[PDB]
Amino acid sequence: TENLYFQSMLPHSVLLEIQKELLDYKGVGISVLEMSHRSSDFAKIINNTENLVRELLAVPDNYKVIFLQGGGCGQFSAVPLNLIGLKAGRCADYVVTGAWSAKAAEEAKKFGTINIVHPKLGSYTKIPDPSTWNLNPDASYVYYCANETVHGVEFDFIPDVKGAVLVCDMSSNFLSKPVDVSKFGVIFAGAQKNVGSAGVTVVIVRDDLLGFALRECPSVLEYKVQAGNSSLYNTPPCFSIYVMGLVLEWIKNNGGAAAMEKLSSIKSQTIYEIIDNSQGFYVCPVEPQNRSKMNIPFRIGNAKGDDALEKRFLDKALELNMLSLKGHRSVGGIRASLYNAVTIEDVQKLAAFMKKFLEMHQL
């Protein structure tokens, strides 16, 4: 009886490797946990992590790749602090398609005048039509979240923001597919969701965007400072950068971002087919054109969800050792998380369970 976890996870071979190397990394006589950030040994590690980010995503040479502490929510502060002063107005445009872009917009209010570019959504079930976005020509930047982790809304295109600096929260689908980096001013992602373990955040920053940081910006969070120090302004989250490195290498060894995209396709289409042929039994609230490949929320019984049937679904799932499928407090129902490390075989099992559960309970 081993557990199946529909949440973020490390590939198994990556844990084996961490574990083997833990007391005496590669023969250096020391643990990465113990390694000075000023050592040529750590320099090599951090260098290889930057390199892998650039290779895997195909990051053009006019972008800085930096590794920061603070996580996603750190960047909700760091983005405005670094960038709201791009133009003197200190205005920014925000696109709000879920809980995460909502928090980000709320946070940015501390630093400037935030314009939410579309009518506020009643339910987070779609991306408001980008061609109706009410953009500020004097916005310092336009901000949006690529993948809304709790609501299952994912951008599968790069919106036209009329030449503005585009900033993107990519935390929960980072390196789940190729990305045309050159469309962006800033991309960021906490490593934990998809690309490693908590403690580090990758920030990709166009090289012409440094140098507008507010006075109040903490130095550890200032893109200019961090990029001029190759992420060693202070002590970075060493082990996390190490762990990320090994995950990125794993992505490379698995065929790269393109392979990841193929594996998300398969995984989600498996689950979405079941929903879309359940003739009402499973109800995903997201308009199909905006459905996440990473997080699939749904209800059981009907669109408002049937509490009894959902409890039984979770209870039985727990009984089969399928963990972490409970939908978020704010949405209710079920959520299936399908990151790079969640295998096709895991997902085949969830699917088989859903089909059986349908057979038994659909009146």
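Residue positions are given as counts along the sequence shown, with the first one as 1.
- Of the two stretches examined, 192-200 and 107-115, the record assigns the greater average C-alpha temperature factor to 192-200.
- Remark: stretch with higher mean C-alpha B factor among 31-39 and 324-332 is 324-332.
- Among the modelled residues of its chain, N136 has a C-alpha B-factor that falls in the lowest third according to the deposited record.
- Placement of the Cα temperature factor of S240 within the chain: middle third of the modelled residues, per the deposited record.
- Ranked by C-alpha B-factor against the other modelled residues of its chain, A341 falls in the middle third.
- In this PDB entry, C217 carries a Cα temperature factor that places it within the lowest third of its chain's modelled residues.
- In the deposited entry, the Cα temperature factor of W250 sits in the bottom third of values across the chain's modelled residues.
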